[PDB]
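# Topology and contacts: notes
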Amino acid sequence: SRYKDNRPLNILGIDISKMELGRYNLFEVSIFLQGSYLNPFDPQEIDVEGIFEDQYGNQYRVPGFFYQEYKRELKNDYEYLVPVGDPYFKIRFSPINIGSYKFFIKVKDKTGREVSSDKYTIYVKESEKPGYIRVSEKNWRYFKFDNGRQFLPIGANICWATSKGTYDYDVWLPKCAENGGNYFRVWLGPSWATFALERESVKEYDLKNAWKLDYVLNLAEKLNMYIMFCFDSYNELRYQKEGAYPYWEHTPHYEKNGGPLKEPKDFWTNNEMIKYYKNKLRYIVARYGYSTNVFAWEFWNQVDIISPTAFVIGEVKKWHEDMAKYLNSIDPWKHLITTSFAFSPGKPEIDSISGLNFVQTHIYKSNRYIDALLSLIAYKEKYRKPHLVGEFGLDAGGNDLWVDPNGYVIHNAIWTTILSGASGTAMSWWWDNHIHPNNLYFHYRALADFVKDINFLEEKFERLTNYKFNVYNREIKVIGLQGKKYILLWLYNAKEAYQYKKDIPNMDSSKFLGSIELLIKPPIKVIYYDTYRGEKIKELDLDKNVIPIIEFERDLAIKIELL
Ligand SMILES: OC[C@H]1O[C@@H](O[C@H]2[C@H](O)[C@H](O)[C@H](O[C@H]3[C@H](O)[C@H](O)[C@H](O[C@H]4[C@H](O)[C@H](O)[C@H](O[C@H]5[C@H](O)[C@H](O)[C@H](O)O[C@@H]5CO)O[C@@H]4CO)O[C@@H]3CO)O[C@@H]2CO)[C@@H](O)[C@@H](O)[C@@H]1O
Ligand SMILES: OC[C@H]1O[C@@H](O[C@H]2[C@H](O)[C@H](O)[C@H](O)O[C@@H]2CO)[C@@H](O)[C@@H](O)[C@@H]1O
């Protein structure tokens, strides 16, 4: 209990970040206090709350959180955080309406003593921010912002840094954002993760790693990127003898390391563990819930491959139902909630629960993965909520970087997923050893420039059918969407798309290859798009439903407008 206090409860000072701010912007309160508590991360020991009210009756109860300031520096090849001042408490709020808000602070500690502040008034003006990310009410396959604009996630996993810490995100995130990226995913566990909150303990959270997460969230704010926060990863509950990067013997949950659990199976039902997990969810909501740049709360990375001694489907299901209900109830902004599985088809008993707002697929597969992605996307339409292919790679034991240095595998996956009805791109692994050093960001820029001017929420897209190839001496296949105004095609050569040795294609041809006939009514405008250079190649006005295919090396995109 390094942070314990044993003084009578009193507010000593309050700092306010600004009295005028924009819609959805951060309003931060710093609270200096003394009190009686053993653990500032436990609301039964000390409970800080900010009570906000707008002009329209809406009240918000925002939990406060323990905070330490740091100053970062680079010590050769590793980040070092120097503490600045004593720790204190913060409240982080974001206004959804404009106009006036009144608020005050309430604090209660374990003695039952309660103190409060006077009421303060702030004023909120309109801003450029689109709001929080929600499921689209127009098309349940897709996400939107509160203001109605679509959110199509384009990006990759960027789940932890090297020893350089936040200084790696200083490099990766601007490169991603300038190439059309608006999404990434970070890990808040296991204990070795850059942003691990449960580093030494499951009862107290790591203030340095939480500060790094602040920093990276602030960088995403500046770059208009949106983050999935993955709270826990399967390794935490997987025994050393089971392989696959296990970590149970080292995890703070284990009694050997000071935690409440004698075995990982007890995670789902141990009363002490459940209480501390809820405290962690409260801490996460308190410290990060304000942010519209939090796209989603994700409970688990691949919960199905925890130890088989620990995976009890009914208990994992009930835990997800209960925690999703608790998290939603304490989150004033009601962020999206999800979870993930390593098994590519997922677990319908869990994917079907209403408290998970969208489903995911992880798939690592080397052979015919285009067909596998299409099949999984078609299959999971049964859930009637968005589908994110949250992890994708070859099944090559991490050897994607030597097998495919040009990123053709990533290329194939992002085009296939977006044009098959998934909510956004397939999200690659290997951000640090592959995407960045091989400079693969251009693939995302080409795709983003192709899709960004289409409102997917309103096209009523469905997977392409009713088509007829007429192509000789070549095997061309199609992934496509047919909408009320647009038809989007990705054509690929089946004999070239899975070969990765050749250099990046340089500029297709002037020649006719073949044709594809579509069940559509002319006239139409046809745009041919180079998926590697990310540019229009050719435009063609047509009076019939037979679309010529120009010569191309590996793959080609076509945008068709119904006139
Ligand atoms: O440096 C930080 C940290 O790294 C840790 O190791 C990392 C490792 O470097 C990779 O980045 C790896 O990436 C995998 C992620 O876990 C991801 O969620 C996903 O998960 C894998 C899973 O790890 C595992 O490989 C699993 O294996 C399958 C296997 O493919 C086959 O199906 C077999 O029959 O079953 C097992 C499952 O029982 O496959 C999952 C995907 O299906 O895939 C990513 C790529 O592999 O993450 C590691 C951490 O999880 C440690 O070295 C740590 O010490 C170090 O500090
Ligand atoms: O920050 C990510 C890693 O960057 C590395 O530097 C790269 C740099 O980003 C760029 O790609 C340049 O062309 O090559 C450098 C490596 O040769 C390293 O600084 C590494 O430590 C970082 O983790």
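Right above here is the structure, for reference.
Notes on the structure follow. (Residues numbered from 1 in each chain as written, not as in the entry; some residues may be left out. Chains lettered and ligands numbered in written order. Heavy atoms only, no water. Residues with missing side-chain atoms left out of burial classes, pairs and counts.)

On a plain count of helices and strands, the chain comes out with ten helices and 29 strands. The C-alpha radius of gyration of the chain comes to 25 Å, within 12% of the 24 Å expected for a compact globule of 563 residues. Along the longest, intermediate and shortest principal axes, the C-alpha atoms of the chain span 85 × 60 × 50 Å. Long-range pairs, those at least 24 residues apart, make up 70% of the contacts in the chain with a sequence separation of at least 6. (Helix = DSSP H or I, 4+ residues; strand = E, 2+ residues; numbered from the N terminus. Rg over C-alpha atoms; globule rule 2.2 N^0.38 Å. Contact = heavy atoms within 4.5 Å.)

Moving on, we get to the site of ligand 1. Ligand 1 sits among 14 residues. The nearest are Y234, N235, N301, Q302 and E391. Contact between ligand 1 and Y364: an oxygen atom at 3.5 Å from a side-chain N or O atom of the residue. A distance of 2.9 Å is found between an oxygen atom of ligand 1 and a side-chain nitrogen or oxygen belonging to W429. Notes on ligand 1: free accessible area 970 Å², of which the protein chains cover 59%. Looking at side-chain class alone, the shell around ligand 1 contains nine nonpolar, three polar and two charged residues. (Near = heavy atom within 4 Å. Polar contact = N/O pair within 3.5 Å; in protein donor to acceptor, adjacent residues only side chain to side chain. Areas by Shrake-Rupley, 256 points an atom, 1.4 Å probe, with all protein chains shown as cover. Nonpolar A, V, L, I, M, F, W, Y, C, P; charged D, E, K, R; others polar.)

With 17 residues, helix α2 (residues 207–223) extends 24 Å between its outermost C-alpha atoms, agreeing within 8% with the 24 Å of an ideal straight helix rising 1.5 Å per residue. Of the positions making up α2, those classed as buried are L207, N209, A210, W211, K212, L213, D214, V216, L217, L219 and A220. Backbone nitrogen of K208 and a side-chain oxygen of the N-cap are separated by 3.4 Å at the start of α2; the cap is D206. One or two steps after α2, the chain reaches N224, where phi turns positive at roughly 55°. (Expected span 1.5 Å × (residues − 1). Buried < 20%, exposed > 50% of the residue type's maximum accessible area, 1.4 Å probe, protein only.)

Attention now moves to the pairing of strand β23 (residues 476–482). Taken across its seven residues, β23 has six buried, putting it largely inside the fold. Here strand β21 (residues 462–463) runs beside β23; their pairing, made up of two bridges, is antiparallel. Within β23, the position partnered with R463 by the bridge is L481. Bridge count for β23 against strand β24 (residues 486–493) is seven bridges, and the pairing is antiparallel. The residue bridging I476 from the neighbouring strand is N493, located in β24. The antiparallel pairing of β23 with β24 creates a hairpin that spans three residues between the two strands. (Pairing = 2+ DSSP bridges.)

The side chains of a regular strand alternate, first on one face of the sheet and then on the other. Burial of strand β19 (residues 359–364) is extensive: five of the six residues sit out of reach of the surface. Inspection of the sheet shows β19 paired to strand β20 (residues 387–393) by six bridges, in the parallel sense. The partner of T361 across the bridge, within β20, is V389. Crossover handedness for the path β19 to helix α6 (residues 369–379) to β20: right-handed. (Right-handed = clockwise from strand over helix to strand, strands pointing away.)

A separate point is the pattern of salt bridges. Evaluation of the coordinates by the stated rule reveals 34 salt bridges. The closest approach of N and O atoms between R282 and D47, which form a salt bridge, is 2.8 Å. In this pair, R282 sits in helix α3 (residues 271–288) while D47 sits in strand β4 (residues 46–53), placing the two residues 235 residues apart along the sequence. In this structure, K144 engages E137 in a salt bridge whose closest nitrogen and oxygen atoms are separated by 2.8 Å. Classification of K144 as buried rests on a relative accessible area of 17%. The class for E137 is exposed, based on a relative accessible area of 58%. (Salt bridge = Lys/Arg side-chain N within 4 Å of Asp/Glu carboxyl O.)

Our focus in this paragraph is the packing of α2 against α3. The description of two packed helices rests on the angle between their axes and on the distance between the axes. In contact at an axis separation of 11 Å, α2 and α3 are set at 40° when each is read in the N-to-C sense. When the axes of α2 and α3 are compared, the pair comes out oblique. Between α2 and α3 lies a crossing of right-handed hand. In contact with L207, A210, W211, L213, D214 and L217 of α2, α3 contributes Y283, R287 and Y288. For the contact of α2 with α3, the class distribution of residues is seven nonpolar, no polar and two charged. (Axes fitted to C-alpha atoms, helices over the stretch in contact; angles between N-to-C directions. Parallel < 35°, antiparallel > 145°, perpendicular 65-115°, else oblique. Left-handed = near helix turned anticlockwise from the far one by under 90°.)

Any functional reading would require information that these geometric values do not contain.
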